[PDB]
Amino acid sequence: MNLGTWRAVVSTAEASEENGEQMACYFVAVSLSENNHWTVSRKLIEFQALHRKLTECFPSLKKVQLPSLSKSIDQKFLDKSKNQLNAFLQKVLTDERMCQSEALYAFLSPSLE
């Protein structure tokens, strides 16, 4: 499929809990290729899953370091991690091997509740 190559930037980030586990959530502002914009909320573990999937096929993405909850989550972590996730999005969106996979469209399009 092809809906053009999108733009995506992580703006706001949050730390909170789910299932009594600290989780980091990121609001991604998405746009079509240059009311054609929307925002999705994605957990760090969802970014990690996407990176795992894409990296199996395209190991160059190994060089892209993602944040980990191996450390509690603090505001410094949220700032750094949101830059790391933006570098990851920038790498994927500019890579013609990946930037129009349905896995990326699934990740960046609005989700059903």
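Counting begins at 1, following the sequence as shown.
Visitor: Does the deposited sequence hold unmodelled residues between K76 and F77, and if so, how many: none, 1 to 3, 4 to 9, or 10 or more?
Guide: Per the deposited record, the segment joining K76 and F77 has no missing residues.
Visitor: Our gap detector needs a label for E34 to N35. Which class matches the unmodelled residues of the deposited sequence there: none, 1 to 3, 4 to 9, or 10 or more?
Guide: Per the deposited record, the segment joining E34 and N35 lacks coordinates for 4 to 9 residues.
Visitor: Comparing 24-32 with 53-61, which stretch shows the greater average C-alpha B-factor in the deposited entry?
Guide: Between 53-61 and 24-32, it is 53-61 that shows the higher mean C-alpha B-factor.
Visitor: What stretch has the higher average Cα B-factor here, 1-9 or 102-110?
Guide: Going by the record's values, the stretch with the higher mean is 1-9.
Visitor: Would you mind checking which of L69, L85, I45, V40 has the top Cα temperature factor in the PDB entry?
Guide: Reading the PDB entry, the winner on C-alpha B-factor is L69.
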